[PDB]
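A.B. asks: Quick one, what's the 3D model for this:
(4 chains, ligands or ions: 10)
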Amino acid sequence: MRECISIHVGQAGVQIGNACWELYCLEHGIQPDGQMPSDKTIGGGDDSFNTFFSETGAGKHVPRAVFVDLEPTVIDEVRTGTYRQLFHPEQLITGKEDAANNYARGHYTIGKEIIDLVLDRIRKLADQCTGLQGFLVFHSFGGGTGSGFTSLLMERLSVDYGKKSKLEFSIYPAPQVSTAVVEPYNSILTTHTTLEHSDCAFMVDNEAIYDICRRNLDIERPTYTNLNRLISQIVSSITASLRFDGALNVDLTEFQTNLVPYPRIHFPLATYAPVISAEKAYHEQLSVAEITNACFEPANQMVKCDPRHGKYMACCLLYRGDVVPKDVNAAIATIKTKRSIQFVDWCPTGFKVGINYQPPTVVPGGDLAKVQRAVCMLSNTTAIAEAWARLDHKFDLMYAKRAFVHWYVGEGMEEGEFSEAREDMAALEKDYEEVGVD
Amino acid sequence: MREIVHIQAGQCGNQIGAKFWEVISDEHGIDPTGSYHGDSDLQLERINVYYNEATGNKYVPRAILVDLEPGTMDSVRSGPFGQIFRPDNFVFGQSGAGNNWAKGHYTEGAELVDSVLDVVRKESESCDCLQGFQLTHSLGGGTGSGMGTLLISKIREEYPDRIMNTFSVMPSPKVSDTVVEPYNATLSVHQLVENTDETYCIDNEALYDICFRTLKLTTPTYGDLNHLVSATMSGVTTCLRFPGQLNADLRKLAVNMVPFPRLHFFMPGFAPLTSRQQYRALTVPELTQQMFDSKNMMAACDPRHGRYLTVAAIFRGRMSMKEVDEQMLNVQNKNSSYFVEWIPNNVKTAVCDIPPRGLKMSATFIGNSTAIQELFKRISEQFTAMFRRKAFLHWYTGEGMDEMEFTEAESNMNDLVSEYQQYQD
Amino acid sequence: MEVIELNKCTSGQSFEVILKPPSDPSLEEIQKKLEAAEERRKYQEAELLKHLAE
Amino acid sequence: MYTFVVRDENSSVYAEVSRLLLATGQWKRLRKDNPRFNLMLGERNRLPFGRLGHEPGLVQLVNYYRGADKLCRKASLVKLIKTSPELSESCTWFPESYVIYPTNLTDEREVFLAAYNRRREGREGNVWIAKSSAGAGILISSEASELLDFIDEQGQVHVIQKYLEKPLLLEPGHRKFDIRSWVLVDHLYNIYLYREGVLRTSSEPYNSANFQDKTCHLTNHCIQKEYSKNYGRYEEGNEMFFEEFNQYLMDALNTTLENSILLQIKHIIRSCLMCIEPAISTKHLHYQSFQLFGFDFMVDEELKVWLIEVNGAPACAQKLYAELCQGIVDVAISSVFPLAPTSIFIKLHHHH
Ligand SMILES: Nc1nc2c(ncn2[C@@H]2O[C@H](COP(=O)(O)OP(=O)(O)OP(=O)(O)O)[C@@H](O)[C@H]2O)c(=O)[nH]1
Ligand SMILES: Nc1ncnc2c1ncn2[C@@H]1O[C@H](COP(=O)(O)OP(=O)(O)CP(=O)(O)O)[C@@H](O)[C@H]1O
Ligand SMILES: Nc1nc2c(ncn2[C@@H]2O[C@H](COP(=O)(O)OP(=O)(O)O)[C@@H](O)[C@H]2O)c(=O)[nH]1
Ligand SMILES: CCOC(=O)c1cn[nH]c1
Ligand SMILES: [Ca+2]
Ligand SMILES: [Ca+2]
Ligand SMILES: [Ca+2]
Ligand SMILES: [Mg+2]
Ligand SMILES: [Mg+2]
Ligand SMILES: [Mg+2]
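C.D. replies: Residues are numbered from 1 along each chain as shown, chains lettered A, B, ... in the order given. Ligands and ions are numbered 1, 2, ... in the order given. Sure, the structure comes next:
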């Protein structure tokens, strides 16, 4: 058994992390006080769930997580919420004033002063791991902390844990849930300095989570709790293989092997289904074929784009609940003859399938209805480049006028780092086109 | 605990600041004695932003009252909420500033400034984490104008990395006290261009026209004009004083509202503006149409003459937030010729459930518009109308100033106008 | 349409289907970036205090 | 108040749609770089589809189907008909074609010569026509050596297809022609056919013993008005509209345009568009698409209709701009953005 340490950076990372560990506890049968009745080994054990939880002599199951924010208002909810008893004070790190949505401020000005404190707290969790696999880093693109400080933490983790894999769950900026005009700057700055330090990253576009909440959950104006509860279902479906018995994606290294044949193109597209409103009296349970056929509808994707006009480099089907291989291949066949699944000629045209019989867990009183089977598809398509294009375009509109640039220079960044980061994204976009277009 | 230190200087400064504390104190349940008596915990959630907590659960505003003559602050001290202020925070002289910027900035004011910074330093030292400062004052007088800008210069020297915002009443010949107000306004505007992060421009003529034309007040008084400012000041600080999905401090707001360091002069606005047909319920469309209407804006500048760099809108009251988004997106996508297309999503909206006292729902408007240049053009024209003949200059040269400094202030603002003009094309 | 590498356990199973065959900066360097930007902040702040002293 | 933008100033069609849009007093044209728009009259090449449907509150509509190039490219269409089962390689209404890459660059060189040698041995008509999309550059010849050598001299992909040696010739004149049908496809993927079609006729007598002079073989409106010496003799502008051509077929062939030619045209339009619907349908997409198409057909002496090519940015007959452009605003734009008949189209119902 090898351990995985999760790091939650900034408001988005921390609130999402809160939603994930709440779910993990309901999935592993852990109570808010950290006790786990089914765990027959008291204060020890190398079970699958032990990759995310350590154990105290008193039978408490403590998450292998760190929470870092440059202001205490978001992490204070963790210290007093339902699952306060799970973490100890060292795990929750808070500053006194944030980055003001200023990448340069979180990476340079403030980050330089607190980077050694975070690494120390992380080293503590590392020293409790007999064989650490790597890290899972949750953060936002637009936040000054999520963008500026995350990229610094990544650079240092690459130095202090060279042979360790690093994955990301990154929140793509969407206007419907933000009042930040400079988030394009931050997103492109942080992708530039993090690109060579991340082995695999799952971008979630708030615009996608927003529409899925209104369309399927019938929520007129979703909150962050609505958005995060849904996001934690996708994250849970993506991390399950590491926390349960299985043979597919059993360690962080397998995410790069199964989903990233080219290093810089390490942004798989996530698609989840079904998402059913709990307020519905009762729903007609979807079949293996239907929910699998939904994996190719643009609506239930974590990033709005048209995979029909891209090339697949890999594809992973993670089912949860009442699913058997017979049904999977039956639905797959039906979809190959009805859809547009164009693969890159230098990659096999296949699908890796993972099934976990325990259906998705639903937070009591949440928004998602209990379903008997659901699936999360991970596919590395050139189509996700559309998201880089949109973002890179907004960047160009403001940088042409040098708008808001003085705020970053004022914090010690050089103007050249803007264009240096932009030229990298131009390179990233050219890569997708060389692999996707003919 | 992100505290703000408030400073009000001069006659206009203190009478507007006074009403501001009267308004928010009512919103936070604080009575004239400093004791809380509201009925919601939201009133205390962010109470420490503007108030200190003393013994006996007393709440004392974090405000410093400054003036070069005793008269005005004697009124505040004896006003409605006069007792709520900290006695040690009254710093004032006896000579007065005679509506002379030079007296407030260089002579009279220079004699009193150190003692003011001693109170500021004292309030800051008691701050867990100081967000920044806010100053209320006019630009046409002597104390709030000359000494006010001298204070900002000295506050920036001692707190270089804190935010400095101001509510600055711009002079207008229609509502005028002295002919030298253009001189004083021109001198202060250059100080603000350098040493403030956000400046809310309030034009005394816009306030007058609103009371006369919209509010139906035959004869407006300075008190009437100050009701508008109090309500507006309450509106724009709602993001800071109450909870919500906002979570924005002064620096976070400046970062998203100011795309260029020198172009940080905003036009505020409020709605409704109803005459006494005052109990009529107002719909979200009406709130939105009025909030963007020029007649509801207090800078006396027509936004249809320039372009919005950034726009913030705050909605207060229990209303259809979905209906709010629909209407805002209707104003933008119906007049996208007035928003610069090189700042994506430069119109941000925020909602708050606690409405102002005596209103089911209100809307406050904060716009960074290149139309504000017309304000500086008026001031510059009046300045040159006199300075070309050196009229009334002896009041200033007698305080140690030189003509060269007037010429520079002139050039400085004509440059500020040129900068606003290049970003309009 | 072939299924390869089928693993079965009590909590689930996993397999692989094939439809068609195919056709860093050291720690020292990070300190220099952080400090370099801290020096540019110090310089900028110096020119401000030099401005305010004038 | 609806807002649109214009990004193809050379579009004679949508130049009239933009003109009519403003005429309604309810549509407002913005700068060609303002993202806050409802409708986009986008550019032909490299239209940034990926930036559509992301502005909060805006329902956006564009006048091009992303992926329709598979149908409007010479080589793409050939590959689409041969590899797509819906059309199969035995599609009876498309001339036997081959994709031939210049040797200075899969390719169907050997497969083309296989059928060629078979025809040369069987005494049959073995006249082919080489062409490409980068042309105004067309060569008609009966020797395979001349066809292949012409493509090698170029540098772009070409297609060799069977030249129709038995075309239906109008009389008097003994002249070749082609039929242009306009087909509009709205966001719901309904297939509407413009009732008005145009026959772009050759003002020169067809001659089968000389393919060097490409004036009686190429019915292009620019070749007849440039290299033809009888331009404008029989019909104004070498253009015969459906009303006349229908009366000719009755007096001459004792048949109607509907029965002899139009049923096949409607069948071909349906087959082509239905084939690619799963690939380009904007049904569940974040934005909406519609597009005008120009189908070029040939008719032989057996009254059998053949598909020449499909135009993605087609022009229009000068006498039909008003009626058609207005039709684009009724079913394609106002259907998604209503305003405060007897349709000029023919809905070709199908299964989605
Ligand atoms: N999906 C989701 N997005 C969030 C959440 N919280 C914030 N965001 C997004 O994050 C972006 C803003 O960045 P933040 O995470 O709030 O900033 P930060 O990391 O705390 O850094 P600071 O600027 O110092 O506050 C916006 O685009 C928000 O929409 C959340 O809980 N869920
Ligand atoms: N296989 C074939 N048999 C008979 N005629 C043919 C032919 N291929 C092309 N033509 C002639 O060429 C003309 C169409 O040429 P084509 O469409 O390939 O070039 P083009 O696309 O540049 C002209 P347009 O797009 O305006 O129709 C028709 O009028 C037709 O008479
Ligand atoms: N809105 C408003 N403006 C005022 C008030 N008092 C003075 N002014 C304006 O402020 C300018 C005079 O400045 P003042 O504050 O009296 O000078 P100071 O006390 O020396 O700083 C003139 O333009 C007046 O119109 C007031 O109570 N309300
Ligand atoms: C707004 C009220 O103003 C006055 O009373 C005034 C202004 N000048 N003189 C008197
Ligand atoms: Ca155990
Ligand atoms: Ca590495
Ligand atoms: Ca003295
Ligand atoms: Mg934050
Ligand atoms: Mg006065
Ligand atoms: Mg063509």
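
A.B. asks: ranges for the helices of the stretch 51-200 of chain B?
C.D. replies: Shown for the stretch 51-200 of chain B, the helices assigned by DSSP state H, counting those that start in this stretch span residues B:71-78, B:101-105, B:108-125, B:148-158, B:181-195.

A.B. asks: and the gap between the residue in chain C that chain A sits nearest to and ligand 2?
C.D. replies: Residue nearest to chain A within chain C: residue C:37 (3.1 Å; Cβ to the nearest Cβ). To be clear about C-beta, it is placed using only N, CA and C from the backbone, and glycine gets the same treatment. Distance, residue C:37 to ligand 2, using Cβ to the nearest ligand atom, to the nearest Å: 59 Å.

A.B. asks: swap in residue B:2?
C.D. replies: In terms of Cβ to the nearest ligand atom, residue B:2 sits 67 Å off from ligand 2.

A.B. asks: Please name the nearest non-neighbouring residue to the spatially most central residue of chain C.
C.D. replies: Taking Cα atoms, centre = their mean, the centroid of chain C lies closest to residue C:24, which sits 10.8 Å from it. Spatially, and ignoring its direct neighbours in sequence, residue C:24 is nearest to residue A:158 (5.0 Å; Cβ to Cβ, 6 or more residues apart in numbering or on different chains).

A.B. asks: Touching, the one you found and residue A:195? I think so.
C.D. replies: No - contact criterion Cβ atoms under 8 Å: residue A:158 and residue A:195 do not qualify, at 11.7 Å.

A.B. asks: Kindly calculate the angle that whichever strand or helix holds the residue of chain C closest to chain A makes with helix B:181-195.
C.D. replies: Element membership for residue C:37 (DSSP states H and E) is helix C:27-53. Interaxial angle, helix C:27-53 versus helix B:181-195 (axes from the mean of the first three to the mean of the last three Cα atoms, to 10 degrees): 160 degrees.

A.B. asks: still on that earlier bit, which of the helices of the stretch 51-200 of chain B sits most buried?
C.D. replies: helix B:101-105 (a mean of 29; mean count of other Cβ atoms under 10 Å in any protein chain shown).

A.B. asks: Could you check how far residue B:236 is from residue B:75?
C.D. replies: 25 Å (Cβ to Cβ, to the nearest Å).

A.B. asks: Over to residue B:422?
C.D. replies: 45 Å.

A.B. asks: Alongside chain B, which residues does chain C contribute?
C.D. replies: With Cβ under 8 Å from any Cβ of the partner chain as the criterion, chain C meets chain B at residues C:45, C:48-49, C:52.

A.B. asks: Of those residues, which is the nearest to ligand 5?
C.D. replies: Nearest to ligand 5 among these, counting by Cβ to the ion, is residue C:45 at 54.2 Å.

A.B. asks: State the number of residues packed around residue B:55.
C.D. replies: 5 (other Cβ atoms under 10 Å in any protein chain shown).

A.B. asks: measure it to residue A:365 for me?
C.D. replies: 43 Å.

A.B. asks: Correct me if wrong: residue D:1 contacts residue B:334.
C.D. replies: Yes - using Cβ under 8 Å, residue D:1 is in contact with residue B:334, at 5.4 Å.

A.B. asks: Turn the helices of the stretch 51-200 of chain B into TSV, columns for distance to residue A:153.
C.D. replies: Shown next, in TSV, are those (distance: least, Cβ to Cβ, whole Å):
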stretch	distance to residue A:153
helix B:71-78	51
helix B:101-105	48
helix B:108-125	32
helix B:148-158	33
helix B:181-195	35
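
A.B. asks: Can you say which of those is nearest to ligand 5?
C.D. replies: Nearest of the helices of the stretch 51-200 of chain B to ligand 5, taken as Cβ to the ion: helix B:108-125 at 51.1 Å.

A.B. asks: Of the residues of chain C next to chain B, just say which sits nearest to ligand 3.
C.D. replies: residue C:52 (22.8 Å; Cβ to the nearest ligand atom).

A.B. asks: The closest one: how many residues sit nearby?
C.D. replies: Neighbour tally, residue C:52, other Cβ under 10 Å: 15.

A.B. asks: How about the contacts made by it?
C.D. replies: B:153, B:156-157 (Cβ atoms under 8 Å, 6 or more residues apart in numbering or on different chains).

A.B. asks: Could you restrict the residues you listed to the ones contacting ligand 5?
C.D. replies: Contacts with ligand 5 within these, counted by Cβ under 5 Å from the ion: none were found.

A.B. asks: ok, and for stretch D:74-94, which residues are buried?
C.D. replies: D:74-82, D:84, D:87, D:91, D:93-94 (16 or more other Cβ atoms under 10 Å in any protein chain shown).

A.B. asks: what's the nearest residue to the spatially most central residue of chain A if we skip its chain neighbours?
C.D. replies: Per Cα atoms, centre = their mean, the C-alpha nearest to the average position across chain A is that of residue A:169, at 2.2 Å. Distances taken as Cβ to Cβ, 6+ apart put residue A:138 closest to residue A:169, at 4.6 Å, once the chain neighbours are dropped.

A.B. asks: So what touches the helix or strand hosting the one you found?
C.D. replies: Residue A:138 belongs to strand A:134-140 when assigned by DSSP H and E. Residues outside strand A:134-140 that contact it (Cβ under 8 Å, 6+ apart): A:4-13, A:16-17, A:20, A:145-147, A:150, A:153-154, A:157, A:161, A:164-171, A:173, A:198-199, A:235, A:239, A:252-253.

A.B. asks: List the contacts of the next helix or strand after it.
C.D. replies: Remark: after strand A:134-140, the chain's next helix or strand is helix A:150-160, criterion DSSP H and E. Applying Cβ under 8 Å, 6+ apart, the contact partners of helix A:150-160 are A:7, A:9-10, A:13, A:68, A:106-107, A:111-112, A:115, A:118-119, A:122-123, A:135, A:137, A:139, A:164, A:166, A:189-190, A:193-194, A:197-198, C:24-27, C:30.

A.B. asks: Stretch B:203-220 now?
C.D. replies: B:169-172, B:174-175, B:224-225, B:228-229, B:273-276, B:295-301, B:375.
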